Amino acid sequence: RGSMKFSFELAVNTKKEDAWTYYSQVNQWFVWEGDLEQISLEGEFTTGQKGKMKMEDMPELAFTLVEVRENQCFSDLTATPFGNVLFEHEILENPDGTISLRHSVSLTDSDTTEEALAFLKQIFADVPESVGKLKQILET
């Protein structure tokens, strides 16, 4: 590969089905996507669906749903200067009864560019907060 990937995992005290609600309902991404301005999806929340997303003070971006698995995970793919960025969201079950939420950002490929890595870091910088917000919302 030319792969590089950042992950953040946070354990939360709730049910995977309840977590799934905030993922599979694009209109509720505002509660956890920091800076989300507008969001839309060209159909059902399923593997292969295309949508449009826009963060504050940024051009709106097309994305495609890569691997929707109900109650478990969904991924989205967006084109960037550095090629396709894959964003992953996983609900993991822990033995102690909690679930964990793991969000990951990766650059499909690139020969370890100094600016590639710096690019991922910036995208990934907001991720821990967003996962934090989910946890506090889910533990209500």
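Residue indices: 1-based, along the sequence shown.
(message) Regarding 83-91 and 110-118, which shows the higher C-alpha temperature factor on average in the entry?
(response) Here the higher of the two C-alpha B-factor means belongs to 110-118.
(request) Select between 119-127 and 21-29 the stretch whose C-alpha atoms have the higher average B-factor in the entry. (result) Stretch with the greater average CA B-factor: 119-127.
(request) Going by the CA temperature factor in the entry, name the top one among 62, 73, 101, 65. (result) Top of the list by C-alpha B-factor: 62.
(request) Place residue 1 in the lowest, middle or highest third of its chain's C-alpha B-factors, as listed in the PDB entry. (result) Its C-alpha B-factor belongs to the highest third of this chain's values.
(request) Sorting the chain's modelled residues by C-alpha B-factor, tell me whether residue 140 ends up in the lowest, middle or highest third. (result) Highest third - that is where residue 140 ends up once the chain's C-alpha B-factors are sorted.
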